[PDB]
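With the entry's author numbering, letter number 23 in the sequence shown gets 21, and the count goes up by one each step, no holes.
All residues carry an ideal CB built from backbone N, CA and C; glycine is no exception.
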Amino acid sequence: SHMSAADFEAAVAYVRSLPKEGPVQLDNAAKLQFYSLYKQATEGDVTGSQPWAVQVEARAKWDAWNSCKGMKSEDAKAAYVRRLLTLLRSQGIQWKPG
């Protein structure tokens, strides 16, 4: 019937298996938001040096992770799940973790 932070692992797996063309549209900015929350939730604060700007994807990822600094694991888990629920509802789709 409804979800919580405890649905994080299922949400991550849902995101990772979204096809490139499908009823769910996942834009590049949303990909980075999910990435950053994933990393915060599973590793805590960003580490390592800011990547070279030429490595455009790696740099973007790290910068998104850095934007989450200080967030507790459980809060990042909650945020990731709430963002998927928002994405799905906005596009008229129901999630059933099962």
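DSSP-derived helix/strand/coil call for residue i
i, result
"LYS37", "helix"
"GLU7", "helix"
"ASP43", "coil"
"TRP50", "coil"
"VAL13", "helix"
"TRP60", "helix"
"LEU24", "coil"
"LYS29", "helix"
"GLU19", "coil"
Where the alpha helix (DSSP H) through residue i begins and ends
i, result
"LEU82", "71 to 88"
Residues near residue i by beta carbon distance below 7 angstroms, same chain, minus five either side
i, result
"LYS67", "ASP43, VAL44"
Contact set for residue i: own chain, Cβ-Cβ below 6 angstroms, skip 5 residues either direction
i, result
"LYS75", "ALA3, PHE6, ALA39"
CB contact below 7 angstroms: residue i versus chain B
i, result
"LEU82", "Absent here is chain B; the protein component of the structure consists of one chain."
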